[PDB]
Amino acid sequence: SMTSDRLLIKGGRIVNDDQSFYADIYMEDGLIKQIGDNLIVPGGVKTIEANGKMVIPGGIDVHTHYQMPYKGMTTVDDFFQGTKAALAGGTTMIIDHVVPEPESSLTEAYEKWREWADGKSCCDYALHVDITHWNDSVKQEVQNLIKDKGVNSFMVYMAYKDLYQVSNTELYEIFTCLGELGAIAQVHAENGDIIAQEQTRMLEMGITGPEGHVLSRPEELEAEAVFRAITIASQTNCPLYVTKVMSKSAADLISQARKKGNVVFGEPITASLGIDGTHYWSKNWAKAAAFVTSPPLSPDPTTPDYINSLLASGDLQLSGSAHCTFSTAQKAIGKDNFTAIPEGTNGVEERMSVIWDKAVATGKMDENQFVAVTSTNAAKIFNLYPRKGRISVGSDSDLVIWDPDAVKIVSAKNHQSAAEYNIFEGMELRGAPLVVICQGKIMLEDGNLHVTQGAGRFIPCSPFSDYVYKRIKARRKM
């Protein structure tokens, strides 16, 4: 790593995913150098007294959309403001989605994302590459991005008919390929064919408000796509990763598949963990539009509690935010037609507090599983353990002094995001970060961010991570 001053944290309760213990932590030049008691260190090292508070690995948000092109527009939180929002909330790494235009080069899109992120990201980051269309030369590009460019994760779309949607035949070809090359097959799993029809029906009945968005994507259509993707991934002996798990029925399909032995992961996001979809019916149009995202927040109010429960039980493994913010003015292009409302909400800053408040303080999971679902499982899946997601000697110095007793109200007044709205507005959350260390530097202290634009490094992610692929390889050899 890059240089950073020496730094010693004393009296912390170190909390990894496997255990908790009291020890001091000595850091230098981006790395954790020693862990233990009465450490022999040079004189005059900057020393932080943790005072029994928790020290956890920094959060890894595996799903972001910073400065994402969308129909001429760009999301309002770019790689600089968006990672300030990440760090403010205890997240020290992000993994964004490269989105090439159909009939455009995957690799050129990747180079373009790299230039944006290398110049702006405050913290370390990596990339998924979205497979928005499929043909032989895309397949060649996929191969090269894995071999040469530090990519191990690719997402296909089952939604967005005539834009990104791929057929069952293409899903089989793609999964077959990604499995052979040791990559993670990600999906955006909703049935675009049926959604397309339901949109038309909803518009025809005169339902043009944001409620038309959630009503034309009932969870049954997420569940169907998830099952179909699970089925095809199983036949092609390819590991599957369901992005943005929003409904109970979808999560149950992942739970059921994992019990059978299928290699399948589920990624709930801050939105589905934090809140429900009743606000699509808000008399305040701009508020309702701010919740518009796909798949949508479920209107079933039992949903968020249930998603936290399955994240706690390991039926879901890791969290993201799918942070994809648009301005009030950009949202308003869809005022008389919900299909023109740009899709996306906030959630990068709030992810870790939401999970602590909903799943730890309610007793569903303990602090160690909290570390697993905020960083360590992401690190293992994406072949970043234990460099990330673990406080141990040799690992990167990304870590957070966490206060389980802190209590904050979430507001757009106070968030790092450029967005005028926050879908978690007015929610009181237990659990918050006090101090954030990233690359061995103090980037959050006493409410203040200390960041340098572009300091973030791209972290290449190798294929065939053991946690995912050893089972796959044993199944092949049979």
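The first residue of the sequence shown is number 1, and the count goes up from there.
The mean Cα B-factor in the deposited entry runs higher for 284-292 than for the other of 284-292 and 164-172. Look at the mean CA B-factor for 367-375 and for 107-115 in the entry; the higher one is 107-115.
Each of 128, 133, 244, 228 has a CA temperature factor in the record; the biggest one is found at 133. Between the residues 60, 419, 68, 32, the entry's highest C-alpha temperature factor is the one at 32. Ranked within its chain, residue 466 lands in the middle third, by CA B factor from the PDB record. In the PDB entry, residue 351 places in the lowest third of its chain by CA B-factor. In the deposited entry, the Cα temperature factor of residue 138 sits in the top third of values across the chain's modelled residues. Residue 144 sits in the highest third of its chain by CA B factor, as recorded in the PDB entry.
Looking at the C-alpha B-factors along this chain, the one for residue 200 belongs to the highest third.
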